[PDB]
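Shown below, as structure tokens, is a lone chain in the form deposited in one PDB entry; questions about how it binds or moves come after it.
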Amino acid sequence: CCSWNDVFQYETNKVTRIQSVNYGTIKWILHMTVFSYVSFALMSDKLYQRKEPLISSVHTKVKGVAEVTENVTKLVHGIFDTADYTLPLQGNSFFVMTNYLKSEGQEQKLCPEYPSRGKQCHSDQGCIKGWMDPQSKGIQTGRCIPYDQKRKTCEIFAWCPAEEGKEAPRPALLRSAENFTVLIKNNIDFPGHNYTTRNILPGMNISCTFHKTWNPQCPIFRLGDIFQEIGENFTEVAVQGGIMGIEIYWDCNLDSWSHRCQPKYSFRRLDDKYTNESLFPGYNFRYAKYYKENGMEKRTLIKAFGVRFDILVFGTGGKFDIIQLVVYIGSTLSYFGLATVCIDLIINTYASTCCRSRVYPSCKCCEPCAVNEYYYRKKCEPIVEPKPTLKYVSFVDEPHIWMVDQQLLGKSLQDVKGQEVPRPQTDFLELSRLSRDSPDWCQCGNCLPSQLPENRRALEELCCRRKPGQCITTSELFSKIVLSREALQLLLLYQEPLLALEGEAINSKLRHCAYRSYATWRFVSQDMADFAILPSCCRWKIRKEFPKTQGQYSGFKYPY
């Protein structure tokens, strides 16, 4: 099985070099196109780079103040700075108040609730008892009675008087909260690639303001500009708050030869503009300060509407990795065989006879493509599975050879039908040298009944031709090639120069060589010479020229 010489074996694929401009041109342009697409994808998607998602940290600083005068009994003149509207978070998100309601005497008692649009209840003692409403903050025993002038509400155990249920003002308060300035210091890192960077670099202008075209890299933003860049109106969002999103996209190429790693800023409204009224439309929150005055545990509650800005820092950093390039090249290497596949398809399609039957006469421009057929004769070598039932029979009348692959079921082989096969080119180089008692299944006269078992007798039942005429044995070459004793002796000497030469039982080898000679004569290819069935007239002629004394003649046997 395994030998030391077997290890050092190597197999080269046999090929034939076709000299043609069409095949070479389509080959080269297909190779160039697939190479161009591969390189384009490589340099566009940067598939040679291992990517990694960043890790981000954000620091927000909101600077700006707003004057606002309370509603006139007594009038107030107040100022709002970052200490009040801004929250202690100050990282990755920040709140900018744009409207506020306040209740000073918030304390626990059994007063009613504010009448909303639908909450206006005129019935007396109709409300549920111990309902624990999510709308009104207190658990209620109904006892509905009027505290307003022309309306009423249920008796609630919430913080009183008249805290919830009130709508926001219109126009919005704190309209000066649009020129406020946000400084966003963002620091991103790629730990696998080990590259840390940040938004602000040395030399950046401090007094800049972000704009889409003039100074995009400036990390200083104005809220009005944020809302105007996407067409949003700051006033309606100031009446009822919202949720904005500052997208910071990093597309970082950490390669030194093309190093670029900077952010791109975008803005997107996060809260649903057209949202249901039952759901909480805007972003709001209600917080209070607790205190004890006159012995009563009480508090003061303010509900603030404003815009929450989510700073969404995302991106990807790519760095050259050899393994990714290797995998991509290994994937794309298979496409270079597209040219060979297409050309082989062309050759196999134009080699068929259907192109000569229908295509070439009708089209009349694919006529020179018949050349492809010749390439098929140089590309393919059709063989057949040497089955035991495989047989080959020839007839002088017809030009082709019949492949009788079917099995014998007692019927005479002369009438069995098979697939025609064209005879080979005969290798013209090697060829260029100097009474009526028949079995009734032959058309000639020289046939003879076969002497074999009846189960296997139909194999020898073959004739030299399909219709009556001259027998092939009467030809001039049959006497000279098939059973010319000098010729067979010369052939055997060529195979074994020291043969017995009329010794003991030499006629068997001469008979076998005569069978092989007739086979190679009619069936040129050695694949077809084997598994050939000679006719009875020639078989028994050869047997007469080289009889067997003390034994029967064994017919065709499976060689392999």
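Just count from 1 along the sequence shown to find any residue number. If you superpose the two forms and keep the largest set of C-alpha atoms that fall within 1.5 Å, you have the rigid core.
> For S435, does the count of other compared entries lacking it reach at least a third?
Affirmative; at least a third of those entries omit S435.
> Compared with other deposited entries of this protein, is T73 missing coordinates in at least a third of those that cover its neighbours?
Yes, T73 lacks coordinates in at least a third of the other compared entries that model both of its neighbours.
> With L434 and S435 adjacent in the shown sequence, let me know how many deposited residues between them lack coordinates: none, 1 to 3, 4 to 9, or 10 or more.
Missing residues, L434 to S435: 10 or more.
> Count of coordinate-less deposited residues separating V72 and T73, as none, 1 to 3, 4 to 9, or 10 or more?
Per the record, 4 to 9 deposited residues are absent between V72 and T73.
As for the form deposited in another entry, it is not shown, yet the points below apply to it.
> Superpose on the rigid core, then report which one of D272, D225, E420, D148 has a CA displacement of at least 2 angstroms between this form and the one not shown.
Flagged residue: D148.
> Using a rigid core superposition, assess whether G126 undergoes a CA shift of 2 Å or more between this form and the one not shown.
Yes, the C-alpha position differs by at least 2 Å between this form and the one not shown.
> Tell me whether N294 is among the residues that move between this form and the one not shown (Cα shift of 2 angstroms or more, core superposed).
The answer is yes; the displacement is at least 2 Å.
> Compare the position of the CA of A83 between this form and the one not shown after a rigid core fit and state whether the shift reaches 2 Å.
The answer is yes; the displacement is at least 2 Å.
> Specify closer or farther for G503 and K548: how their Cα atoms are spaced in the other form versus the shown form, given a shift of 3 angstroms or more.
It is closer: in the other form, the C-alpha atoms of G503 and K548 lie at least 3 Å nearer than they do here.
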